[PDB]
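Enquirer: these chains are from a complex, not moved at all, and more is on the way:
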Amino acid sequence: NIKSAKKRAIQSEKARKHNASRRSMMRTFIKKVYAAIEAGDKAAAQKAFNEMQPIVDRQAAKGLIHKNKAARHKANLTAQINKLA
Amino acid sequence: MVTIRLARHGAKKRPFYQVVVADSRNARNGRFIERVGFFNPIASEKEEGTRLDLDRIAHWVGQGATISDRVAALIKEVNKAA
Amino acid sequence: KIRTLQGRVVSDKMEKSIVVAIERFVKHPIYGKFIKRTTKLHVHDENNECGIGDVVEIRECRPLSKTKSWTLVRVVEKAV
Amino acid sequence: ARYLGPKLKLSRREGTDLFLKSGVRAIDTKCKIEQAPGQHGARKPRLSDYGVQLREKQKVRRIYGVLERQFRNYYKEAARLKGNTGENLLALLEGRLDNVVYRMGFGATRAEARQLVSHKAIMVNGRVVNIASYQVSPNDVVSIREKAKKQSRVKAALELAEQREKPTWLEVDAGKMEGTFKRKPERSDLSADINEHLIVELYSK
């Protein structure tokens, strides 16, 4: 409707696309981690955890994951590897 | 933002402003944290016209509160005594 | 100190938890008679030491399940 | 909002001189007082208990020229004030500005005093008060303005002020044509024949 709501519509669409991509990459890295924990692999899962840590902290800082969630992930996953190793 | 601001309470064509401390996104005559003085722009030429608790104002500005232009003008009017 | 209550165990049979009846003794607002009045509470206990018919003190904590925001401190008076 | 009719008729239903035509002459002499308040006025009423209470309230209102919602508000204010509600009610009726202008001899009647008050001929404390029911505080000076001073009425009215009893709670002085309401009138200082317990009991039913 005829306003500056049109601009918020198009910006929220653009940011929807950007956030969906970054959120999807973050979730795939976390799937790498506890999909490596599905098999009994310690150092493979540690390599995947080191691969996911900067991106989850980074998406926490960029403002789309709200860092407590960031913390939870790494906390949960650390538990999984010292349940395993 | 919390704001020390005026809030219109008198009758029609006869305002009495009460200076309060409100969360700034409330209504004018709505919800406030504490009232801290008043300002009658008439009152008569008698004694006061305005009293205003400077200790609580200094407390809230210490907390981070902002002050509108009228309340700043009233503190600049009642400076310490006059 | 902490605010706590006292009550008696009304039933027992649940997996590391208990349920406690509290007896508050309140005056009727219209009639002026002091009337007994209960408050059943789902109360948590680790390792379920208290059985049925006990008397137990009880404090409030974070939620531990649905209702269940209460946890014991001291089991007294278990006498059967 | 005020009466505007035959006055001596009101004074004749009550059976008592309500001072409604004080004016030039002496005691009535052309009223046929007591005799006939209407066509069947020669009949004795055999009045009820509601009739005596009502008729007492009407006596007082028809004296002071007050209508019912205003009188009723005086009863509420006299009730809430501390003390004796009959005496408080007469103290509220005696502090009226048109009454104080009548007591000082500035008007011949209370309606003439009410027209002096109404036609901006009266100041209190050096400010002109246009209002019949202004409530004169103690230690006030109420006077006539320079306009409507030395008009005939007030002079004649002061001429008939000496025929009356010179109220104790005033400073009547007619030289300067200014007066001082000094204190509230005591119940024993006014009129002696109105029964205010009847109007307390009238409003308290």
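Expert: Received the coordinates, thanks. Residues are numbered from 1 along each chain as shown, chains lettered A, B, ... in the order given.
Enquirer: could you use CA atoms for every contact and neighbour count after this?
Expert: Fine.
Enquirer: now stretch A:54-73: buried residues?
Expert: Neighbour-count burial for stretch A:54-73 flags A:55-60, A:65, A:67, A:70, A:73 (criterion: 16 or more other Cα atoms under 10 Å in any protein chain shown).
Enquirer: ends of it, what's the gap?
Expert: Across stretch A:54-73, the terminal residues are separated by 12 Å (Cα to Cα, to the nearest Å).
Enquirer: can you show me the helices along chain B?
Expert: B:54-63, B:69-75 (DSSP state H).
Enquirer: what's the closest of the ones you listed to residue D:204?
Expert: Of all the helices of chain B, helix B:54-63 sits nearest to residue D:204, with 49.7 Å by Cα to Cα.
Enquirer: next helix or strand past the longest helix along chain A?
Expert: Longest among the helix segments of chain A by residue count, using DSSP H, is helix A:5-36. Next along the chain after helix A:5-36, taking DSSP states H and E as the criterion, comes helix A:42-62.
Enquirer: next, the angle from the helix or strand following that following helix to helix A:42-62.
Expert: Downstream of helix A:42-62, the next assigned helix or strand under DSSP H and E is helix A:68-84. Counting by axes from the mean of the first three to the mean of the last three Cα atoms, to 10 degrees, helix A:68-84 lies at 170 degrees to helix A:42-62.
Enquirer: next one: helix A:68-84 to chain centre, how far?
Expert: Chain-centre distance of helix A:68-84: 13 Å, with Cα atoms, centre = their mean, to the nearest Å.
Enquirer: show me the contact partners of that helix.
Expert: With contacts defined as Cα atoms under 8 Å, 6 or more residues apart in numbering or on different chains, helix A:68-84 is touched by A:33-34, A:37, A:40-42, A:45-46, A:49, A:53, A:56-57, A:60.
Enquirer: quick one, helices of chain C?
Expert: Under DSSP H, chain C gives no helices.
Enquirer: and the residue nearest the centre of it?
Expert: residue C:20 (3.1 Å; Cα atoms, centre = their mean).
Enquirer: for it, give the beta-bridge partners.
Expert: In this entry, residue C:20 is beta-bridged to residue C:9, residue C:41, by DSSP bridges.
Enquirer: confirm for me that it is in contact with residue C:42.
Expert: Yes - using Cα atoms under 8 Å, residue C:20 is in contact with residue C:42, at 6.5 Å.
Enquirer: ok, residue C:37 - contacts?
Expert: C:23-26.
Enquirer: may I ask which of those residues has the most neighbours?
Expert: For these, the largest neighbour count, defined by other Cα atoms under 10 Å in any protein chain shown, is 16 neighbours, found at residue C:23.
Enquirer: find the nearest non-adjacent residue to that residue, please.
Expert: With sequence-adjacent residues excluded and distances taken as Cα to Cα, 6 or more residues apart in numbering or on different chains, residue C:23 is closest to residue C:38, at 4.7 Å.
Enquirer: was I right about the one you found contacting residue C:20?
Expert: No - the criterion here is Cα under 8 Å, and residue C:38 misses it with residue C:20 at 9.8 Å.
Enquirer: put RNA strand E onto that model:
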RNA sequence: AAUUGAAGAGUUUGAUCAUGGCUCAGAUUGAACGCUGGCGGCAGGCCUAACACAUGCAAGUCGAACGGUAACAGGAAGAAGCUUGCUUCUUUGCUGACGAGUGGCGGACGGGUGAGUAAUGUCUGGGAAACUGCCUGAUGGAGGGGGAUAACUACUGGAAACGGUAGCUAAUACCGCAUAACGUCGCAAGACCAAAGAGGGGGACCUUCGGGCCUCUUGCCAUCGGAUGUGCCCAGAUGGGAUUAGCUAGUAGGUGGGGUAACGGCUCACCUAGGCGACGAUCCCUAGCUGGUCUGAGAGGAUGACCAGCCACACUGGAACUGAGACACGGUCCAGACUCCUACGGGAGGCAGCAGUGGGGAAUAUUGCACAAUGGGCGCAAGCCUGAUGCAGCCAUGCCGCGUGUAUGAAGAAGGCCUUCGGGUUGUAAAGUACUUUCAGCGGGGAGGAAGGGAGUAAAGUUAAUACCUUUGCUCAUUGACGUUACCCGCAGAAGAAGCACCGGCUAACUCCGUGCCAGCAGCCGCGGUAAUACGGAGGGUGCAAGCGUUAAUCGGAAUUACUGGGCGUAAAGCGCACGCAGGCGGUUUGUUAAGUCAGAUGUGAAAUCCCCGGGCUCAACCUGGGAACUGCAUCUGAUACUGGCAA
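Expert: RNA strand E, in position alongside the others:
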């Protein structure tokens, strides 16, 4: 000083006393209707169709973030009529600025409505497992690069709405890289995580002579605090129905995984078989809740329009996206009903914002003026926006104030009505006479709501700088929608200004005439069938008064649900009689506890409202200062007589 507070009557009977119902007298209202209507002040105004909506406004702003120039006005340069001295035209964002666009912030506030919701809500009191844009304090960082994409241009699809394709460009847009804590994870060892510039001014130096460089202001990032706001939990309280007694399988709990900002069946797998319920679950009807309002002596009863706090909703049903915050009134998506446009392929809309329409209804307002004030958004500010708000319009809808004159005046005029025809009454009423001008009308004068903001100085601070900026004084023009304002003065003349109900008893106030169980009246008792104080008219009176009556609704009276504060032999009312569980109550003495109870303290019980003492509007209504109050709850400290617990 803050509770000075309580009325009855009519009607059962031939009469009585009692019981008992019905009814009246009071106060109130978002009121409507009937008759009447002068002025002002302050308030209030769709209670019904959460029905459908024409039209106009209700949310924008910033160039001191960025590419840029669509206009407007200048500047520079060129050419021309050339009056060689002024105009016309053109290239240049060069400048003040600015359409469109990117970007930041706001559109989650403000404003509306009460549909749903009987307890995921509200009120009161506790709590822990939290997030928090803007605002504030502290500690520090703010280095070095890259790829894009709008706008723009060129085609192109479409009736339109709206797109598509190919190139170009910027940033405080976006992304890496470095850096790394008193940050995250980890027991540690360690691992890992961010950023953005812009503006004002300037001595010297270096200029690829655009600017580097210095300084100030402002912005960015990280962490820890604070304040505010929000999310979550518990206990108690907050309608009616038992002619609704069983309800519940993610249901109740546990373990582990996931999820959220955060605890949690929030979710899933497995294990246990619980959980709720006669202290009323479940079902059904109704309903937004509260501060409060009305009534009441009070306790209560009814209610929750305005004003303020909380919740919920935004055509209907659902969903998420962006964001600090929404599952979003003037956002997105889908579906549905309706309405509209169409080239028939498809599109568009959402007044329960403010005015306004149509409809519904007994009923409820202007398609107004202004941002001057107060507040909000944006902005360094100027300022722009603001149907919030200030005001104005209409309406007796309420409350309050004032007016319609005042004094005199007996020939007790005339006329009306009654009359025992003597007179009485209307009635000092009118007329006459003498005064006054409130308000309305006319003409002048004229506060206050106006504080700020702008432009020059002077001083101080900062600094390399006597710049720039900030602060404080001083000076100069100014800033009012209301508004021919409030108010004051002058003018002319009583001149423009009184109705409505009632008169048998209750209930204040009476006769005549007309009608004759009719016409009709009525709240109850009841009037009217020929001399009606009850009907209709007249005279007279009574009550209220710019109002007055009727109707609807609430409380009172009603001690007719009785807690205060009732009853049960015969008026209604003792189970047909017992036994007895849960429940209620419990002799007497001592000791202990202190739960009830009592006393004090602290925190809270929002503000307004009620009450008290004051203050301002000429008074009043109204506004307002301080107190009291909010009868409560929680915690701590005591007392131990009574009740309870425990022991004897």
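Enquirer: what residues are up against the residue nearest to the centre of chain C?
Expert: C:7-11, C:40-43, C:56.
Enquirer: same check on residue D:81?
Expert: residue D:88.
Enquirer: ok, it to residue D:89 distance?
Expert: Applying Cα to Cα, the value for residue D:81 to residue D:89 is 10 Å.
Enquirer: which ones are touching residue 51?
Expert: Defaulting to chain A. For residue A:51, the contact set (Cα under 8 Å, 6+ apart) comprises residue A:29.
Enquirer: right idea, wrong chain: chain C
Expert: By Cα under 8 Å, 6+ apart, the neighbours of residue C:51 are C:9, C:11-12, C:78.
Enquirer: possible to save the contacts of residue C:20 as a markdown table with distance to RNA strand E and neighbour count?
Expert: Formatted as a markdown table, those follow (distance: Cα to the nearest atom of the strand, whole Å; neighbours: other Cα atoms under 10 Å in any protein chain shown):
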| residue | distance to RNA strand E | neighbour count |
| --- | --- | --- |
| C:7 | 12 | 23 |
| C:8 | 12 | 22 |
| C:9 | 10 | 22 |
| C:10 | 8 | 17 |
| C:11 | 5 | 16 |
| C:40 | 6 | 14 |
| C:41 | 6 | 20 |
| C:42 | 6 | 18 |
| C:43 | 9 | 23 |
| C:56 | 13 | 21 |
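Enquirer: which of the residues you listed sits closest to residue A:11?
Expert: residue C:42 (49.6 Å).
Enquirer: where do the strands of chain D begin and end?
Expert: Secondary structure of chain D (DSSP state E): strands at D:122-124, D:127-128, D:140-144, D:178-181.
Enquirer: next one: chain B
Expert: Going by DSSP E, chain B shows strands at B:2-8, B:17-23, B:34-35, B:37-39, B:50-52, B:66-67.
Enquirer: excluding sequence neighbours, find me the nearest residue to residue D:41.
Expert: Closest to residue D:41 by Cα to Cα, 6+ apart is residue D:35, at 6.3 Å.
Enquirer: how many residues are close by that neighbour?
Expert: With other Cα under 10 Å as criterion, residue D:35 counts 15.
Enquirer: from memory it sits against residue D:42, does it?
Expert: Yes - if you go by Cα under 8 Å, residue D:35 and residue D:42 touch, sitting 5.6 Å apart.
Enquirer: near RNA strand E, which residues of chain C?
Expert: C:1-3, C:11-19, C:24-27, C:29-32, C:34-42, C:44, C:60-69 (Cα under 7 Å from any atom of the strand).
Enquirer: return the subset of these lying in strands.
Expert: Secondary structure of the residues of chain C next to RNA strand E is defined by DSSP E; positions in strands are C:11, C:17-19, C:24-27, C:34-42, C:44, C:60.
Enquirer: thinking again about what came up before, mind putting the strands of chain D into CSV with mean neighbour count?
Expert: Formatted as CSV, these follow (neighbours: other Cα atoms under 10 Å in any protein chain shown):
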stretch, mean neighbour count
strand D:122-124, 22
strand D:127-128, 14
strand D:140-144, 21
strand D:178-181, 22
